[PDB]
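Asker: Dropping the structure in here first, questions after.
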Amino acid sequence: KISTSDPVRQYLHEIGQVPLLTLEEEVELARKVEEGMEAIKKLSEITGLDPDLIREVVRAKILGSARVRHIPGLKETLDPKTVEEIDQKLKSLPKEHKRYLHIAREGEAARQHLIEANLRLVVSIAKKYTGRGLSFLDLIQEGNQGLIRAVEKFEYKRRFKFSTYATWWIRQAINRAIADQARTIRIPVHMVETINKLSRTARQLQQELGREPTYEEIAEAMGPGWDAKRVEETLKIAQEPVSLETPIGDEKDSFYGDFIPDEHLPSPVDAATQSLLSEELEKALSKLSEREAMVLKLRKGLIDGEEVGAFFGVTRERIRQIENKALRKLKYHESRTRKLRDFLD
Amino acid sequence: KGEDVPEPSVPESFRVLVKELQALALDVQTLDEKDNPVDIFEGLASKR
Amino acid sequence: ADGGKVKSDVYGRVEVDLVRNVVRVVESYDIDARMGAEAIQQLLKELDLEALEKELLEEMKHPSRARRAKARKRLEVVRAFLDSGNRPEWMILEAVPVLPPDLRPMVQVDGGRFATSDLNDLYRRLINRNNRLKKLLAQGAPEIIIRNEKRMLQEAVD
Amino acid sequence: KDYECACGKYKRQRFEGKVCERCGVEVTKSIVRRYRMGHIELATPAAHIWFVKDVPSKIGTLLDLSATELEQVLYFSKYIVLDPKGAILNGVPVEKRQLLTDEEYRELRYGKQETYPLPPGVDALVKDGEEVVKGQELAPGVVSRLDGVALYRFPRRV
Amino acid sequence: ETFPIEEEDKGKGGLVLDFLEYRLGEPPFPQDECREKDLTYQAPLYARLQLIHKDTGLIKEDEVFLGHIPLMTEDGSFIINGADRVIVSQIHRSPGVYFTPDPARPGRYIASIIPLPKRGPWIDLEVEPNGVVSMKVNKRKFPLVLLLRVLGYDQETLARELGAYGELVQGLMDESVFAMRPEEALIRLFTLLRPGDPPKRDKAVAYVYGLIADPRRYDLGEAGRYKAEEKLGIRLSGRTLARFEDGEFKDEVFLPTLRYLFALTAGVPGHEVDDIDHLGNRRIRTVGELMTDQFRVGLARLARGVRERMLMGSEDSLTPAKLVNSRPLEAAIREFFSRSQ
Ligand SMILES: [Zn+2]
């Protein structure tokens, strides 16, 4: 039906069925996640397999079948045969190393478990970064990504609990997202804080003048290197775009884009130009000596805009010689039979 | 050039449409005498 | 297998407690459980329209008017599919065509105001979510959050 | 741009049908920019609404599913439809094409029953439970004896 | 209308911001200078304001010029932006109560109570006798008597004095089970509305359809009470059906409307049929009203933000900038003169 309620109910229901106890459950899971790490590494040590591979195979066996490996990541790990071979060596690990295998999986499991339980935490956080320009679900989602980030770095040895830790790692993920996706035209985090500062400043300035500050105040109040050109620019970038498709004029049936003209396209007038221009330019180019005429025709009209570097083997003196003598004979007879005079431009 | 005007090429309303249509799953392909392709988008749709 | 997924006999899950040699063996089996276009993509590929055509033919003229009427309307779609044109596994979307660029312009208005076809805000919607999805799978995947997104994703595709 | 490349290695009409060595651009004017198509590769599929929400669900019709409600049910949220086989029971055999809820679904893949009841104090229920918990198969309705009555109403081990 | 902002409790309050005198006087620039230069000829306005405290102290920050409101030329036209503009009058149903014939069933006609502004109920009384009567505020219908009971009209005094001459009285005394408990009927109707609300709310929602907001502050005397005494019912105690002195409400309007429906349906008390298009029903909005309404809309937008700042300001010096922000009133009134259709 309507999307917010369903997810809210979705995880709130599962937290309702499994909140994590303050100390015990979070400690429990934490301890297991870490042991997983120490496990996987020792596994790489004895298998010679990259901890990335050992990590992905324990993931498959605990989080999903061939289905989850084939669609998400296209196909480098053979759906069946590949992952299985990897599990066989894990089995071969005697009593000593087999232990790490069994731990890795159980660890991985705990991980996901700690992640489920602290989803209300995200939503509670994400709840306040609402009207920034991101959908609540998008916001919760990035924040979620943030909590997963936290899980990777939490050191349970250092007594502080995951609550306070997740907060930071989530708030960071969100704010980033808000700064990277919120607009149509990307704007770096610096420009963002800059705009917030700009905004906040305009607020304190609205406070007493009764005059929406000229870009003079803003420069001042802002600080060290602020000037009118700077603020006029920033607020020009702050205005989000408009809709090429918006209800226009009297709101009846008016769509905004019919009004904007076009520039690259040669309005007939231009197509006719290029026709005479090229035919006449082409007639002259042939009646001349190819030597320095083509040099300048090609050097200028074929690739890019170098007198010396323009002529093949013959030096500058023959260039200027024929360039300026052919260019003038060409111009002066074109003066006689006036075809070019009428500036095609 | 005083040329008897040329014989019409495909209208952009048509091409705008086909693509609008392609934007949605649907595939609209024009056909030949015998049910075979023909080409509206002159040479810009074949790839690379 | 260690203590997640292991199918021995009719009982199909196996937990392990190296304390006492205890091989915990939970009893439920491979239940193909799916939700979302994934589940329907499957369903759609598996059907041999010829079979359902013939099946409906019989259902059409033989039983009374209630279930045979439903079968006539259901035979319409199946027939055309088979008749001429293309086959039905395509109704599912896994590859989203993107409309050209100049048709969804980005233009310079006034002051430096810019103007873009509303289509581009929707496209970014899809792309960001599609991407966020990929990174969410990779990072590790808590179910609720994956669906949550797949939901948004779907909606976006609409 | 008109006939020119992005970088400019090749810039006029003579080689009109070839692409640039270091960067890719075959040219005729910016019209190619407005006629060409790009595509987004979806993570996990989704479906066309043009086919799913037209009055006759072209997919609900072809796939005998609840023409209008079974779709909406599994499509946008998590209501599962057993696709190929699922040996274990609900009370009856595996539902070839029928749909089930998260709850009952949950009850299926981990084990029949999940009962985590953890005691209030340190000596009253911690003793009742422990004594009968480790190797003793606890039958349904095992009446643990101390806070209120710790009731274990389900199956096999503890 | 919107100045006495009473904000009492959720944390600390007892806020009382009061209006003294409204004064506007020195135009920024003049007419022709307003046309040569792009300028909106508007007079400056700042009224006197003094906010009270529950602690000893009342800070009076005299002026705050919010809202530059356009002026009228001696001919009657304005000067908004470069071009002289004009505000055209309008027409509509003058907020009253009428009885129009029923939609499809040729049978009998139904009653309508019209309360403008928009926010503010829209009542209708219809009887479909196989077992139901219909009175609708937002949409779903309920009993015409459960309400009179609430107010204090009991089955006996009601039925005999009002409809002795009106047999329809029988539909009124019908569900006696609920008519036998007074104030409990108040809680019962509350229950009839639907959220899943606290049964206990002493006299809160009854107030809303009682004295202040929804019914209207259109001048006490001739605004609505004209449509009353001549068309139906004789008196009004308090502008619209209004009272908050004892917790027990008075409704000299709820009974007369039914009184006239029993009357309209039963003969000639007079001939009670209202031709809507009678101009005594369709009213003309002169310029003033059109501006006063946008001015008040802005006043609410202003008073909305100010409430937030009765909590934001640290201690007592919160009179000037802490309570007033000229952003709303400007955009609001400005929008009416330049963008109003
Ligand atoms: Zn290039």
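Numbering starts fresh at 1 for the residues of each chain in the structure tokens, the chains themselves are lettered A, B, ... in the order given, and ligands are numbered from 1 as they appear.
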Name the residues, by chain letter and number, that sit within 7 Å of ligand 1 using only C-alpha atoms and all ligand atoms, and give them as a PDB file with N, CA and C atoms, in the first residue's frame.
Answerer:
```pdb
ATOM      1  N   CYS D   5      34.967  15.845 -32.534  1.00  0.00           N
ATOM      2  CA  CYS D   5      35.063  14.920 -31.404  1.00  0.00           C
ATOM      3  C   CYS D   5      34.974  15.721 -30.113  1.00  0.00           C
ATOM      4  N   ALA D   6      35.101  15.038 -28.978  1.00  0.00           N
ATOM      5  CA  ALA D   6      35.142  15.631 -27.656  1.00  0.00           C
ATOM      6  C   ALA D   6      36.519  16.235 -27.425  1.00  0.00           C
ATOM      7  N   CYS D   7      37.584  15.479 -27.738  1.00  0.00           N
ATOM      8  CA  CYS D   7      38.956  15.979 -27.580  1.00  0.00           C
ATOM      9  C   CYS D   7      39.430  16.703 -28.845  1.00  0.00           C
ATOM     10  N   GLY D   8      39.020  16.213 -30.013  1.00  0.00           N
ATOM     11  CA  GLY D   8      39.365  16.886 -31.254  1.00  0.00           C
ATOM     12  C   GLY D   8      40.402  16.206 -32.106  1.00  0.00           C
ATOM     13  N   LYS D   9      40.737  14.945 -31.844  1.00  0.00           N
ATOM     14  CA  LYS D   9      41.753  14.258 -32.657  1.00  0.00           C
ATOM     15  C   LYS D   9      41.382  14.306 -34.146  1.00  0.00           C
ATOM     16  N   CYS D  20      37.469   7.752 -32.764  1.00  0.00           N
ATOM     17  CA  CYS D  20      38.747   8.225 -32.207  1.00  0.00           C
ATOM     18  C   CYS D  20      39.451   7.131 -31.355  1.00  0.00           C
ATOM     19  N   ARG D  22      41.899   7.131 -28.891  1.00  0.00           N
ATOM     20  CA  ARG D  22      41.964   7.243 -27.433  1.00  0.00           C
ATOM     21  C   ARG D  22      40.580   7.451 -26.792  1.00  0.00           C
ATOM     22  N   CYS D  23      39.685   8.207 -27.436  1.00  0.00           N
ATOM     23  CA  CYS D  23      38.318   8.366 -26.912  1.00  0.00           C
ATOM     24  C   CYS D  23      37.269   8.046 -27.994  1.00  0.00           C
ATOM     25  N   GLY D  24      36.086   7.570 -27.603  1.00  0.00           N
ATOM     26  CA  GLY D  24      35.120   7.139 -28.612  1.00  0.00           C
ATOM     27  C   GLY D  24      34.031   8.104 -29.044  1.00  0.00           C
ATOM     28  N   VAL D  25      34.111   8.534 -30.307  1.00  0.00           N
ATOM     29  CA  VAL D  25      33.120   9.439 -30.897  1.00  0.00           C
ATOM     30  C   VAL D  25      33.086   9.353 -32.447  1.00  0.00           C
TER      31      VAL D  25
END
```
Asker: Got a sec to tell me which of chain C DSSP assigns to strand (DSSP E or B), as a PDB file with C-alpha atoms, in the first residue's frame?
Answerer:
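Saved as selection.pdb:
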```
ATOM      1  CA  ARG C  13      19.595 -27.572   8.889  1.00  0.00           C
ATOM      2  CA  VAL C  14      22.647 -28.269  11.008  1.00  0.00           C
ATOM      3  CA  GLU C  15      23.993 -26.265  13.928  1.00  0.00           C
ATOM      4  CA  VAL C  16      27.223 -27.312  15.671  1.00  0.00           C
ATOM      5  CA  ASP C  17      28.268 -27.148  19.338  1.00  0.00           C
ATOM      6  CA  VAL C  22      26.574 -32.341  19.609  1.00  0.00           C
ATOM      7  CA  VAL C  23      25.412 -32.016  16.054  1.00  0.00           C
ATOM      8  CA  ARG C  24      22.244 -30.000  16.289  1.00  0.00           C
ATOM      9  CA  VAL C  25      20.071 -30.938  13.336  1.00  0.00           C
ATOM     10  CA  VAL C  26      17.025 -28.729  12.631  1.00  0.00           C
ATOM     11  CA  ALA C  33      10.458 -18.879  -1.060  1.00  0.00           C
ATOM     12  CA  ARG C  34      10.585 -15.762  -3.232  1.00  0.00           C
ATOM     13  CA  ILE C  92       9.736  -8.650 -16.561  1.00  0.00           C
ATOM     14  CA  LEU C  93      12.336  -5.807 -16.357  1.00  0.00           C
ATOM     15  CA  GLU C  94      16.020  -6.345 -15.615  1.00  0.00           C
ATOM     16  CA  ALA C  95      17.407  -3.871 -18.223  1.00  0.00           C
ATOM     17  CA  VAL C  96      15.871  -0.315 -18.207  1.00  0.00           C
ATOM     18  CA  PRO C  97      16.183   1.633 -21.460  1.00  0.00           C
ATOM     19  CA  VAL C  98      17.275   5.230 -20.908  1.00  0.00           C
ATOM     20  CA  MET C 106      20.120  20.410 -19.168  1.00  0.00           C
ATOM     21  CA  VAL C 107      20.052  24.035 -20.292  1.00  0.00           C
ATOM     22  CA  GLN C 108      21.256  27.508 -19.350  1.00  0.00           C
ATOM     23  CA  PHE C 114      19.262  26.021 -15.829  1.00  0.00           C
ATOM     24  CA  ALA C 115      16.405  23.955 -17.378  1.00  0.00           C
ATOM     25  CA  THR C 116      16.133  20.171 -17.549  1.00  0.00           C
TER      26      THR C 116
END
```
Asker: Within 8 Å of chain C, which residues of chain D come that close, and what is the closest atom pair and distance in Å for each? Count only C-alpha atoms and give it as a tab-separated table.
Answerer:
```
residue	atom	partner	partner_atom	distance
D:33	CA	C:102	CA	6.1
D:34	CA	C:102	CA	4.3
D:35	CA	C:100	CA	5.6
D:36	CA	C:100	CA	5.3
D:37	CA	C:100	CA	5.3
D:38	CA	C:98	CA	4.9
D:39	CA	C:97	CA	4.6
D:40	CA	C:96	CA	5.2
D:41	CA	C:95	CA	5.1
D:42	CA	C:94	CA	5.2
D:43	CA	C:130	CA	6.2
D:44	CA	C:38	CA	6.9
D:45	CA	C:94	CA	4.6
D:46	CA	C:37	CA	4.8
D:47	CA	C:92	CA	5.0
D:48	CA	C:93	CA	6.5
D:49	CA	C:158	CA	5.9
D:51	CA	C:91	CA	7.2
D:58	CA	C:77	CA	7.2
D:59	CA	C:91	CA	7.9
D:61	CA	C:74	CA	5.6
D:62	CA	C:74	CA	6.2
D:63	CA	C:44	CA	7.1
D:74	CA	C:35	CA	5.0
D:75	CA	C:36	CA	4.3
D:76	CA	C:151	CA	5.8
D:77	CA	C:151	CA	6.9
D:78	CA	C:35	CA	5.3
D:79	CA	C:35	CA	5.8
D:80	CA	C:35	CA	4.8
D:81	CA	C:34	CA	5.8
D:82	CA	C:33	CA	4.8
D:83	CA	C:32	CA	5.6
D:84	CA	C:32	CA	6.2
D:85	CA	C:32	CA	6.1
D:86	CA	C:31	CA	3.9
D:87	CA	C:29	CA	6.2
D:88	CA	C:29	CA	6.0
D:108	CA	C:28	CA	6.2
D:109	CA	C:28	CA	5.9
D:110	CA	C:26	CA	7.3
D:111	CA	C:26	CA	5.6
D:112	CA	C:28	CA	7.7
```
Asker: For the residues in the current selection, export N, CA and C atoms as a compact mmCIF listing (two decimals), in the first residue's frame.
Answerer:
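Ended up saving to result.txt:
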```
# COMPACT_ATOMS: atom_id res chain seq x y z
N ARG D 33 23.33 12.62 -30.39
CA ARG D 33 23.27 12.77 -28.96
C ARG D 33 21.82 12.72 -28.50
N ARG D 34 20.88 13.15 -29.34
CA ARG D 34 19.48 13.12 -28.92
C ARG D 34 18.76 11.84 -29.37
N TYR D 35 19.37 11.02 -30.22
CA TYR D 35 18.66 9.82 -30.64
C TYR D 35 19.17 8.57 -29.97
N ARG D 36 20.37 8.58 -29.40
CA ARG D 36 20.94 7.35 -28.83
C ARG D 36 20.39 6.97 -27.48
N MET D 37 20.45 5.66 -27.20
CA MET D 37 19.91 5.08 -25.97
C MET D 37 20.95 4.45 -25.09
N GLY D 38 20.77 4.62 -23.78
CA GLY D 38 21.67 4.01 -22.82
C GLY D 38 20.84 3.11 -21.94
N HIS D 39 21.42 2.22 -21.15
CA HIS D 39 20.59 1.37 -20.31
C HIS D 39 21.15 1.22 -18.91
N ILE D 40 20.27 0.98 -17.96
CA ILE D 40 20.66 0.78 -16.57
C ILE D 40 20.54 -0.67 -16.24
N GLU D 41 21.57 -1.28 -15.67
CA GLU D 41 21.47 -2.70 -15.34
C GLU D 41 20.96 -2.87 -13.92
N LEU D 42 19.70 -3.29 -13.81
CA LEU D 42 19.05 -3.49 -12.52
C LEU D 42 19.68 -4.60 -11.72
N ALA D 43 19.79 -4.38 -10.41
CA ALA D 43 20.34 -5.39 -9.51
C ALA D 43 19.45 -6.61 -9.58
N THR D 44 18.38 -6.57 -8.79
CA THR D 44 17.34 -7.60 -8.73
C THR D 44 16.09 -7.04 -9.44
N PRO D 45 15.65 -7.66 -10.55
CA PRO D 45 14.50 -7.24 -11.35
C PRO D 45 13.36 -6.65 -10.57
N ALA D 46 12.54 -5.97 -11.36
CA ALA D 46 11.31 -5.31 -10.98
C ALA D 46 10.42 -5.42 -12.19
N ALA D 47 9.15 -5.03 -12.10
CA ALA D 47 8.32 -5.18 -13.28
C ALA D 47 7.61 -3.93 -13.74
N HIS D 48 7.29 -3.96 -15.02
CA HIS D 48 6.62 -2.88 -15.68
C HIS D 48 5.29 -2.65 -15.04
N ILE D 49 4.92 -1.41 -14.79
CA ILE D 49 3.62 -1.19 -14.18
C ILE D 49 2.56 -1.17 -15.27
N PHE D 51 2.13 -3.29 -17.37
CA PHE D 51 1.62 -4.62 -17.56
C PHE D 51 1.03 -5.16 -16.28
N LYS D 58 -2.06 -8.34 -17.26
CA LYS D 58 -1.57 -9.20 -18.31
C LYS D 58 -0.69 -10.29 -17.74
N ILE D 59 -0.13 -10.05 -16.56
CA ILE D 59 0.70 -11.09 -15.97
C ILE D 59 -0.15 -11.94 -15.00
N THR D 61 -3.24 -12.59 -15.44
CA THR D 61 -4.09 -13.31 -16.36
C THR D 61 -3.32 -14.53 -16.85
N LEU D 62 -2.16 -14.29 -17.46
CA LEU D 62 -1.32 -15.37 -17.99
C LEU D 62 -0.83 -16.28 -16.88
N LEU D 63 -0.28 -15.69 -15.84
CA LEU D 63 0.12 -16.51 -14.73
C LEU D 63 -1.07 -16.59 -13.83
N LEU D 74 2.85 -10.01 -3.42
CA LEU D 74 4.26 -10.38 -3.47
C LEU D 74 5.14 -9.31 -4.11
N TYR D 75 4.61 -8.63 -5.12
CA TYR D 75 5.37 -7.63 -5.87
C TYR D 75 6.06 -6.58 -5.04
N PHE D 76 5.28 -5.72 -4.42
CA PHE D 76 5.86 -4.64 -3.67
C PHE D 76 6.32 -5.01 -2.27
N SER D 77 5.70 -5.94 -1.59
CA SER D 77 6.24 -6.28 -0.28
C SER D 77 6.79 -7.71 -0.27
N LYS D 78 7.06 -8.28 0.91
CA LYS D 78 7.68 -9.63 1.06
C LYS D 78 6.73 -10.87 1.07
N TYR D 79 5.52 -10.84 0.50
CA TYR D 79 4.70 -12.05 0.60
C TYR D 79 5.05 -13.05 -0.48
N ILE D 80 5.68 -14.08 0.05
CA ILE D 80 6.31 -15.19 -0.63
C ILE D 80 5.38 -16.20 -1.30
N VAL D 81 5.81 -16.64 -2.47
CA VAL D 81 5.11 -17.65 -3.23
C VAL D 81 6.09 -18.82 -3.48
N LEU D 82 5.81 -19.99 -2.90
CA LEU D 82 6.71 -21.09 -3.11
C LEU D 82 6.83 -21.38 -4.59
N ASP D 83 8.00 -21.12 -5.16
CA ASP D 83 8.19 -21.31 -6.59
C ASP D 83 8.29 -22.83 -7.03
N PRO D 84 9.45 -23.54 -6.85
CA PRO D 84 9.38 -24.95 -7.31
C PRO D 84 8.90 -25.96 -6.25
N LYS D 85 9.76 -26.34 -5.29
CA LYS D 85 9.36 -27.32 -4.27
C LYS D 85 9.70 -26.88 -2.87
N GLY D 86 8.90 -27.36 -1.92
CA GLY D 86 9.10 -27.07 -0.51
C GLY D 86 8.49 -28.18 0.33
N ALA D 87 9.19 -29.31 0.39
CA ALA D 87 8.77 -30.53 1.09
C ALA D 87 8.01 -30.33 2.42
N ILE D 88 8.57 -29.59 3.39
CA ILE D 88 7.94 -29.41 4.72
C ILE D 88 6.54 -28.75 4.66
N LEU D 108 9.07 -21.66 9.54
CA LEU D 108 9.52 -22.77 8.73
C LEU D 108 11.05 -22.93 8.62
N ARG D 109 11.78 -21.90 8.20
CA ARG D 109 13.22 -22.06 7.93
C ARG D 109 14.19 -22.18 9.12
N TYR D 110 13.83 -21.78 10.34
CA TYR D 110 14.81 -21.92 11.44
C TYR D 110 14.65 -23.22 12.21
N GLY D 111 13.42 -23.62 12.38
CA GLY D 111 13.07 -24.80 13.12
C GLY D 111 11.66 -24.59 13.55
N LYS D 112 10.93 -25.60 13.99
CA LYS D 112 9.54 -25.33 14.34
C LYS D 112 9.40 -24.17 15.33
```
Asker: I'd like the contact shell of residue A:105 - 12 Å cut-off, only C-alpha atoms, skipping same-chain residues fewer than 2 positions apart - returned as a PyMOL selection string.
Answerer: (chain A and resi 32-37+39-40+54-63+87+90+98-103+107-112) or (chain C and resi 1-5+15-16)
Asker: When you get a sec, could you note down which chain E residues fall within 10 Å of chain A, using only C-alpha atoms, as a PyMOL selection string?
Answerer: chain E and resi 64-66+320-322+324-327+341
Asker: Write out as a compact mmCIF listing (two decimals) with N, CA, C and O atoms, in the first residue's frame each polymer residue whose atoms come within 10 Å of residue B:9, counting only C-alpha atoms; drop sequence neighbours fewer than 4 positions from it.
Answerer:
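Saved to out.txt:
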```
# COMPACT_ATOMS: atom_id res chain seq x y z
N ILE B 40 14.30 4.38 -40.12
CA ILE B 40 13.83 5.75 -39.91
C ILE B 40 15.01 6.61 -39.41
O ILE B 40 15.39 7.59 -40.07
N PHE B 41 15.57 6.26 -38.24
CA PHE B 41 16.75 6.94 -37.72
C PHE B 41 17.85 6.64 -38.73
O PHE B 41 18.40 5.54 -38.71
N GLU B 42 18.18 7.60 -39.59
CA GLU B 42 19.12 7.36 -40.70
C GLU B 42 20.38 6.51 -40.43
O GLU B 42 20.56 5.53 -41.15
```
Asker: Please report, as a count of residues only, each residue of chain C to which DSSP assigns helix (DSSP H, G or I) when run on this structure's backbone.
Answerer: 78
Asker: Show me, as an NGL selection string, the residues that have an atom within 12 Å of residue E:69 when counting only C-alpha atoms, minus same-chain residues fewer than 3 positions from it.
Answerer: :E and (24-28 or 40-46 or 65-66 or 72 or 78-80 or 291-292 or 294-295 or 298 or 329-338)
Asker: Based on only C-alpha atoms, which of the residues in chain A come within 12 Å of chain B? I want them as a ChimeraX atom specification.
Answerer: /A:272,275-276
Asker: Emit the selected residues as a short mmCIF file (atom, residue, chain, number, x, y, z; two decimals), in the first residue's frame, including N, CA and C atoms.
Answerer:
```
data_model
loop_
_atom_site.label_atom_id
_atom_site.label_comp_id
_atom_site.auth_asym_id
_atom_site.auth_seq_id
_atom_site.Cartn_x
_atom_site.Cartn_y
_atom_site.Cartn_z
N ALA A 272 22.37 27.44 -45.83
CA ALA A 272 22.57 28.10 -47.12
C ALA A 272 23.93 28.78 -47.15
N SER A 275 26.74 26.38 -47.70
CA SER A 275 26.72 25.87 -49.06
C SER A 275 27.50 26.80 -49.98
N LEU A 276 27.14 28.08 -50.04
CA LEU A 276 27.85 29.02 -50.92
C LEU A 276 29.30 29.20 -50.48
#
```
Asker: Give the answer as one residue: which of B:39, B:27, B:20, B:32 has the shortest atom-to-atom distance to chain C, using only C-alpha atoms?
Answerer: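 Of B:39, B:27, B:20, B:32, the one nearest chain C is B:20, counting only C-alpha atoms.
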Asker: What's the separation between atom CA of residue A:76 and atom CA of residue C:139, in Å to one decimal place?
Answerer: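 Rounded to one decimal, the two atoms are 17.8 Å apart.
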Asker: Taking only C-alpha atoms into account, what are the residues of chain B at most 8 Å from chain C, put as a PyMOL selection string?
Answerer: chain B and resi 19-20+22-25
Asker: Quick one, how far is atom CA of residue E:86 from atom CA of residue E:74?
Answerer: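 About the pair atom CA of residue E:86 and atom CA of residue E:74: they are 12.9 Å apart.
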Asker: So the first atom is atom CA of residue A:137 and the second is atom CA of residue A:6; what is the distance between them in Å, to one decimal place?
Answerer: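 Going from atom CA of residue A:137 over to atom CA of residue A:6 covers 11.1 Å.
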